[PDB]
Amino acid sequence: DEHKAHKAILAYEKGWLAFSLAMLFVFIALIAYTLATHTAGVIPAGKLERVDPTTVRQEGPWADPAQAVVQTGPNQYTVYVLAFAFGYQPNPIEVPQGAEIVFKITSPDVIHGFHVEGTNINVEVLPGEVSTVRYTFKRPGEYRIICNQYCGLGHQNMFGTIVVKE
């Protein structure tokens, strides 16, 4: 009874430990898949790319937000975003639909979030470093940026706008 129950419990726990292992693996395989696809653009470029948060608004690609959008391919644009306290430049960001958008986002004070609502673009922004993500907007229109990392008292109201052009 105790002898029998122990025999079965263990016998069956093993099946489960194999099944759970399999399921875990199939997940891994499905994560790997996405790694191979255009949807993985949103993963930040793990390349270090230091800048100086003190001077960034005076010199460089962040000093003039009216020039933050730069075409880099026949169908690709680079946008230079400053997430700050408490907002984003430029406002709005305007890109055409169907183009690959290389977001190069940095902070001048604290850490903010750059979470583009309705999209997969959700990347921490750290002062001193440029955070690089890639996205291609499919539907034209107005998307909202939300700061999802605590950045001081002005946090709840810290939003931005991306406007995708038909």
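The first residue of the shown sequence is 1; numbering continues from there.
> Comparing 62-70 with 22-30, which stretch shows the greater average C-alpha B-factor in the deposited entry?
Stretch with the higher mean C-alpha B-factor: 22-30.
> Look up the CA B-factors in the entry and say which stretch, 139-147 or 5-13, has the higher mean.
Comparing averages over the C-alpha atoms only gives 5-13.
> Taking the C-alpha B-factors as the PDB entry records them, is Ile101 in the lowest, middle or highest third of its chain?
Its C-alpha B-factor, which the entry lists for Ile101, ranks in the middle third among residues of this chain.
> Among the chain's modelled residues, which third holds the C-alpha B-factor of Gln89?
Bottom third by C-alpha B-factor.
> C-alpha B factor of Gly118, ranked within the chain: lowest, middle or highest third?
Its C-alpha B-factor belongs to the middle third of this chain's values.
> Of the three thirds of its chain by CA temperature factor, lowest, middle or highest, which one includes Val51?
Lowest third, going by the recorded CA B-factors of the chain.
> Select lowest, middle or highest to describe the third in which the CA B-factor of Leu35 falls within its chain in this entry.
CA B-factor rank for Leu35: middle third.
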